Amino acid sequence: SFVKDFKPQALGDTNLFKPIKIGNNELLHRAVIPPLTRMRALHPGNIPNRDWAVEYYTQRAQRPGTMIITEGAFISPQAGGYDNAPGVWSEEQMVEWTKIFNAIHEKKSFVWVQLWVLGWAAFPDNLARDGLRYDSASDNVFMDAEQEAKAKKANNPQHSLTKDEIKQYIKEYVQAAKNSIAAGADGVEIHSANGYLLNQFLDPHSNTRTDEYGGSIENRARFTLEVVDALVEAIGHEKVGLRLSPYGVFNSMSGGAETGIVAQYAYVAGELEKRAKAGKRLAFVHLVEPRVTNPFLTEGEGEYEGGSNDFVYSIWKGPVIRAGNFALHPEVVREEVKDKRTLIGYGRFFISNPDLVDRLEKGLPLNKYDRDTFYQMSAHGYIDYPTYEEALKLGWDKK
C-alpha cells in the first residue's frame, strides 16, 4: 500500500530539481540514493547477485541524472565478514559490477561505489572460518555482548591493528578504488561512518590506542585522512567522497554524549577544506543526520536533537549530501534545499519506490517499505516494488 497517513507535497518548485555538478557528474536533480546494504550477494565469493542486481539498480536509475551510491562493497577479504554483501577485489566480482555500472549509465544516471571495511561489526566466526582476524582500533573494548560471545565461541579474539596492518588496509582501499574506476564507476565514497572500522578509530569510546592512531583528535582522524589522501593520489579528488555520521550511535559509537564529538568531526571537515585550498577538493561530504541515530529504528525513533550537523557548513565549503528521515518530511527538505550546495539522501523510501524522484517532484503518494525483506535473499522486496502506475493498476487505492 501507500504510506497511509502521509500528506505528500510536490517539491518540483524547489532546488531539489536544480542541476548541480558533483565531481565530474552533472546531476539533473538532487535526490540521491544513499548506500543501502541489501544482502543479496552470493556466497562463496561475495559476488554481486547475478540474477537480480542489474534490474534493481537499473530500476532506481530511471529518472535521468540520478546520483546512485551502491551498497557498501568490501575492499578485500579481511575487510568483510558477512557472506552475502558484495566485494570489489576479484575479477569475478568486477565482471558483475561492470554490468551494473553500464546499465545505470544506459539510463544516463551515475554510480559511486561505497568502499566498506567492517572492523568489530563483522561476525568473528565467519572470519575465523576463512582464516581472517577479527579487527578493530583496540582490544579491550568490544562492540557488544553478542559479538563478544561470538568471538569467544569462534575463539577469534578482537585484535588491535598494528601500523603495518593499517597500511595494508590503505593498500587494499587504493586497489579497490582503481578496480571500481577501471570497471566504469563514476567515483568511490569512503565509508567512515556508522560504527564501522574507520569510525572505530575516529570515536573516543572505541579507540583507546596510545600510538599515533589514537589518544587525540588529530590521531583519531589519522587513518580516515590517509585513506582520503591515498585515494585522491590514486584516482583524483573529483572521484572521491567521504560519508560521516557525527551523532550516530549505531554499532556502539558515542554520539552526542561524548562532549568531544563536535570537535572531532569539525577537525575532519577542516582538514578536508585545507586540501580544497591546495586544489584537491573532494567531490562531496555525505552526512548522516542526527534525526536517525540508528537506521534500524522506525522514522522518528532516536532523533538526537541536542546536536546538529550544521556546523559542517561553517568549515567545509563544498557539496554536502544529507540523509535521514527526509521522505516523510517534505516540509523539512524545502527548507533545507534553500541552501544552494545541499543534496538529499532518501534511503528506506528508495527501497520501496523505484520511481521516488518523480513522486517527490509531483507530490504523489509513497509505497510503504517492508522491513522484513530489507535483507533477504529474494527478489521479492527487492525488485518487485511497483512504480506509481503499476501500483494504480494494482489498485493500491486508487485503481
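All residue numbers refer to positions in the sequence shown, first residue = 1.
- Mean C-alpha B-factor is higher over 215-223 than over the other stretch, the pair under comparison being 215-223 and 241-249.
- Taking the mean C-alpha B-factor of each stretch as recorded, 65-73 and 45-53 are not equal, and the higher mean is that of 45-53.
- The PDB entry gives the largest Cα B-factor of the residues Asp125, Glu271, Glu172, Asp229 to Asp125.
- Take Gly87, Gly324, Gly260, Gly302 and read off each C-alpha B-factor from the entry; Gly302 has the highest.
- Looking at the C-alpha B-factors along this chain, the one for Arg348 belongs to the lowest third.
- When the modelled residues of the chain are ordered by C-alpha B-factor, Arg40 sits in the middle third.
- When the modelled residues of the chain are ordered by C-alpha B-factor, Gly80 sits in the lowest third.
- When the CA B factors of the chain's modelled residues are split into thirds, the value for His191 lands in the lowest one.
- Ranked by Cα temperature factor within the chain, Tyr267 sits in the lowest third according to the deposited record.
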